[PDB]
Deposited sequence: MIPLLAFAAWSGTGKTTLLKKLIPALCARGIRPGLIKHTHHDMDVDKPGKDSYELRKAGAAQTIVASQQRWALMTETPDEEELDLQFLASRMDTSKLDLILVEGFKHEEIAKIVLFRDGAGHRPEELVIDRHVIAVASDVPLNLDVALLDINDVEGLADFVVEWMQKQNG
């Protein structure tokens, strides 16, 4: 069985500069990571799509994409976007963007650009905050600057469900 894990972060690119470093670190510990992100800014062979091929798929020498049109009214369900991935080549699926979900979540605080503490609806799911300034809790707390430790806490969490 394979797990999924959220990565909440308030306004401010950060988590992309963060994750940009946590991914490799995760490979480092032999973890094959998958990432299901959710945006708003909406995304080759584009025309051929607007022409009518709902599902288009471009393959190349290095990578292959798969597009799937849904002017239906959807595409928020994770569990489905999951089954879509080749999960036999994955160990952990990172989940960023989807708001209001019941999966393990890891916050992210970085003062200066933004507000002050206590801001963290510690859902009955959140399992650790990652600040750059100390602070209390009732759940793990990491230094949003030690990718290594973070990578390690994560790997830990995993093996303790698995």
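List the gaps, meaning deposited-sequence segments with no CA coordinates, ordered along the sequence. Sequence ranges with no C-alpha atoms are 44-50, 170.
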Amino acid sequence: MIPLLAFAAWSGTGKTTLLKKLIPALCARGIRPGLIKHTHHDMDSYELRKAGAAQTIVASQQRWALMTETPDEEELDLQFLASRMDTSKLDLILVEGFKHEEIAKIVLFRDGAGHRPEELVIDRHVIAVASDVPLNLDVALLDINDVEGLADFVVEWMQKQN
From here on, numbers count along this sequence of modelled residues.
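Which has the higher mean CA temperature factor in the PDB entry, 145-153 or 15-23? Here the higher of the two C-alpha B-factor means belongs to 15-23.
On average, which has the higher Cα B-factor in the deposited entry, 73-81 or 87-95? Result of the comparison: 73-81.
Return the residue from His125, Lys37, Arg29, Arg63 that has the highest Cα B-factor in the entry. In the PDB entry, the greatest C-alpha B-factor among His125, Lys37, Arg29, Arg63 is found at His125.
Comparing recorded Cα B-factors across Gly112, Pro33, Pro134, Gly52, which one is largest? Highest C-alpha B-factor among the listed residues goes to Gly112.
Modelled-residue ranking by C-alpha temperature factor, third containing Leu120: Highest third - that is where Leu120 ends up once the chain's C-alpha B-factors are sorted.
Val107's Cα B-factor: lowest, middle or highest third of the chain? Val107: CA B-factor falls in the middle third of its chain.
B-factor third for the C-alpha atom of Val58 within its chain: Within its chain, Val58 is a lowest-third residue by C-alpha B-factor, going by the deposited values.
B-factor third for the C-alpha atom of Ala130 within its chain: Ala130: CA B-factor falls in the middle third of its chain.
Looking at the temperature factor on the CA atom of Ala6, which third of the chain's modelled residues does it land in? Answer is middle: the recorded C-alpha B-factor places it there.
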